[PDB]
Amino acid sequence: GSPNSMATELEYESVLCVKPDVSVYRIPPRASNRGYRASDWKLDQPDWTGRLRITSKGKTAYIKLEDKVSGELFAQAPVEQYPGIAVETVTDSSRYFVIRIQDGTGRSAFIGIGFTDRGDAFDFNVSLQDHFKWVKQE
């Protein structure tokens, strides 16, 4: 038998949260003597803006970011458990996160994202933990 009829087969995702408005900021590096505090980021001048698409399959969640005009992928961050290495919070305001976006080949970057309100950023952190609760043995 020969499996060589397939090679790119990532035609799967269970959607968890979608929002039309999210803004990216390239952040300074973490240290507990400063923290990520949202106000240190480029809140007046995003590096990119577009749409949120939190997705998952099995034990791996995917924070995908997508364009608001082209529908194309900007970036994606894969996550094995929440909280974990690929998702972080700020100190000052509950509407801002950081994620470890990856190219699927050992390339990575930490990018900051901001929401319109805390009551919508709560949906980012609830939709992640309400996927992982069984992996978290709750």
# chains A, B, ... in the order shown; residues from 1 in each chain; ligands from 1

$ residues_around --residues "residue 99 in chain A" --least-positions-apart "4" --cutoff "9 Å" --atoms "only C-alpha atoms" --output "PyMOL selection string"
chain A and resi 63+76-78+85-89+109-113

$ write_last_selection --atoms "C-alpha atoms" --output "CSV table (one decimal), in the first residue's frame"
chain,number,residue,atom,x,y,z
A,63,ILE,CA,-5.5,31.1,17.2
A,76,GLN,CA,-1.6,31.3,13.3
A,77,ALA,CA,-0.6,30.2,16.9
A,78,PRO,CA,-0.9,26.4,17.8
A,85,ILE,CA,3.5,28.7,25.9
A,86,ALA,CA,1.6,29.9,22.9
A,87,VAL,CA,-0.9,32.3,24.8
A,88,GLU,CA,-0.2,35.1,27.4
A,89,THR,CA,-2.0,38.0,29.2
A,109,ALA,CA,7.2,35.1,16.9
A,110,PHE,CA,5.3,36.5,20.0
A,111,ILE,CA,2.7,39.0,18.8
A,112,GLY,CA,0.3,41.2,20.9
A,113,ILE,CA,-3.5,41.5,20.1

$ residues_around --residues "range 12-24 of chain A" --least-positions-apart "4" --cutoff "7 Å" --atoms "only C-alpha atoms" --output "ChimeraX atom specification"
/A:46-57,111-115,124,127

$ write_last_selection --atoms "C-alpha atoms" --output "mmCIF file, in the first residue's frame"
data_model
loop_
_atom_site.group_PDB
_atom_site.id
_atom_site.type_symbol
_atom_site.label_atom_id
_atom_site.label_comp_id
_atom_site.auth_asym_id
_atom_site.auth_seq_id
_atom_site.Cartn_x
_atom_site.Cartn_y
_atom_site.Cartn_z
ATOM 1 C CA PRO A 46 -1.085 48.658 14.751
ATOM 2 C CA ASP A 47 1.380 46.585 12.686
ATOM 3 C CA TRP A 48 -1.765 44.896 11.214
ATOM 4 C CA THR A 49 -5.601 44.849 11.655
ATOM 5 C CA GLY A 50 -8.201 42.210 10.692
ATOM 6 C CA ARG A 51 -10.377 39.311 11.973
ATOM 7 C CA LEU A 52 -10.070 36.753 14.804
ATOM 8 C CA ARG A 53 -10.653 32.986 14.195
ATOM 9 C CA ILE A 54 -10.035 30.736 17.217
ATOM 10 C CA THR A 55 -10.178 27.083 16.073
ATOM 11 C CA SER A 56 -9.062 23.612 17.339
ATOM 12 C CA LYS A 57 -8.663 19.926 16.501
ATOM 13 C CA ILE A 111 2.655 39.001 18.778
ATOM 14 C CA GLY A 112 0.282 41.156 20.880
ATOM 15 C CA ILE A 113 -3.460 41.471 20.078
ATOM 16 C CA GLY A 114 -6.061 43.995 21.348
ATOM 17 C CA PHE A 115 -9.890 43.800 21.519
ATOM 18 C CA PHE A 124 -11.162 34.621 23.638
ATOM 19 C CA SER A 127 -13.609 29.657 24.237
#

$ closest_residue --among "A:40, A:70, A:64, A:34" --to "residue 100 in chain A" --atoms "only C-alpha atoms"
A:64

$ residues_around --residues "range 117-120 of chain A" --least-positions-apart "3" --cutoff "7 Å" --atoms "only C-alpha atoms" --output "PyMOL selection string"
chain A and resi 94-95+123

$ atom_distance --atom1 "CA of residue 102 in chain A" --atom2 "CA of residue 5 in chain A"
26.5 Å

$ select_by_dssp --residues "range 41-121 of chain A" --states "helix (DSSP H, G or I)" --output "short mmCIF file (atom, residue, chain, number, x, y, z; two decimals) with N, CA and C atoms, in the first residue's frame"
data_model
loop_
_atom_site.label_atom_id
_atom_site.label_comp_id
_atom_site.auth_asym_id
_atom_site.auth_seq_id
_atom_site.Cartn_x
_atom_site.Cartn_y
_atom_site.Cartn_z
N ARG A 118 -13.30 44.39 27.23
CA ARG A 118 -13.04 43.25 28.12
C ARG A 118 -14.11 42.18 28.02
N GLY A 119 -15.36 42.59 27.84
CA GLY A 119 -16.50 41.69 27.68
C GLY A 119 -16.49 40.89 26.37
N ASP A 120 -15.64 41.27 25.40
CA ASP A 120 -15.38 40.48 24.17
C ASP A 120 -14.05 39.72 24.24
N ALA A 121 -13.03 40.27 24.88
CA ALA A 121 -11.79 39.54 25.18
C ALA A 121 -12.00 38.36 26.14
#

$ select_by_dssp --residues "chain A" --states "strand (DSSP E)" --output "CSV table (one decimal) with C-alpha atoms, in the first residue's frame"
chain,number,residue,atom,x,y,z
A,14,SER,CA,-13.4,23.1,14.8
A,15,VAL,CA,-14.3,26.8,15.2
A,16,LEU,CA,-14.5,28.3,18.7
A,17,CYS,CA,-14.6,32.1,18.4
A,18,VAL,CA,-14.8,34.5,15.4
A,19,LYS,CA,-14.7,38.4,15.7
A,20,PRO,CA,-14.5,41.0,12.9
A,21,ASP,CA,-12.2,43.4,14.7
A,22,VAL,CA,-8.7,42.6,16.2
A,23,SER,CA,-5.4,44.6,16.1
A,24,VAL,CA,-1.8,43.3,16.1
A,25,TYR,CA,1.2,45.0,17.8
A,26,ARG,CA,4.8,43.7,17.8
A,48,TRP,CA,-1.8,44.9,11.2
A,49,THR,CA,-5.6,44.8,11.7
A,50,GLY,CA,-8.2,42.2,10.7
A,51,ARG,CA,-10.4,39.3,12.0
A,52,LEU,CA,-10.1,36.8,14.8
A,53,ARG,CA,-10.7,33.0,14.2
A,54,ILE,CA,-10.0,30.7,17.2
A,55,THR,CA,-10.2,27.1,16.1
A,56,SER,CA,-9.1,23.6,17.3
A,57,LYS,CA,-8.7,19.9,16.5
A,60,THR,CA,-4.4,21.2,19.6
A,61,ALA,CA,-6.0,24.6,19.5
A,62,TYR,CA,-5.2,27.2,16.8
A,63,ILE,CA,-5.5,31.1,17.2
A,64,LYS,CA,-5.8,32.1,13.5
A,65,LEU,CA,-5.8,35.7,12.3
A,66,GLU,CA,-7.4,36.6,8.9
A,73,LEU,CA,-4.4,34.0,6.7
A,74,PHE,CA,-2.2,36.6,8.4
A,75,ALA,CA,-0.8,34.3,11.2
A,76,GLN,CA,-1.6,31.3,13.3
A,77,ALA,CA,-0.6,30.2,16.9
A,78,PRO,CA,-0.9,26.4,17.8
A,79,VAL,CA,-1.6,25.6,21.5
A,87,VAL,CA,-0.9,32.3,24.8
A,88,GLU,CA,-0.2,35.1,27.4
A,89,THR,CA,-2.0,38.0,29.2
A,96,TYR,CA,-5.2,42.3,25.5
A,97,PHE,CA,-3.3,39.0,24.8
A,98,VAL,CA,0.0,37.8,23.3
A,99,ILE,CA,0.2,34.6,21.2
A,100,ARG,CA,3.2,32.6,19.8
A,101,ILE,CA,2.4,32.5,16.0
A,102,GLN,CA,4.3,29.8,14.0
A,108,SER,CA,8.0,31.5,15.7
A,109,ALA,CA,7.2,35.1,16.9
A,110,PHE,CA,5.3,36.5,20.0
A,111,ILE,CA,2.7,39.0,18.8
A,112,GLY,CA,0.3,41.2,20.9
A,113,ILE,CA,-3.5,41.5,20.1
A,114,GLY,CA,-6.1,44.0,21.3

$ atom_distance --atom1 "CA of residue 28 in chain A" --atom2 "CA of residue 128 in chain A"
24.8 Å

$ atom_distance --atom1 "CA of residue 10 in chain A" --atom2 "CA of residue 136 in chain A"
25.2 Å

$ residues_around --residues "range 35-38 of chain A" --least-positions-apart "3" --cutoff "7 Å" --atoms "only C-alpha atoms" --output "ChimeraX atom specification"
/A:30-32,41,90-93,96
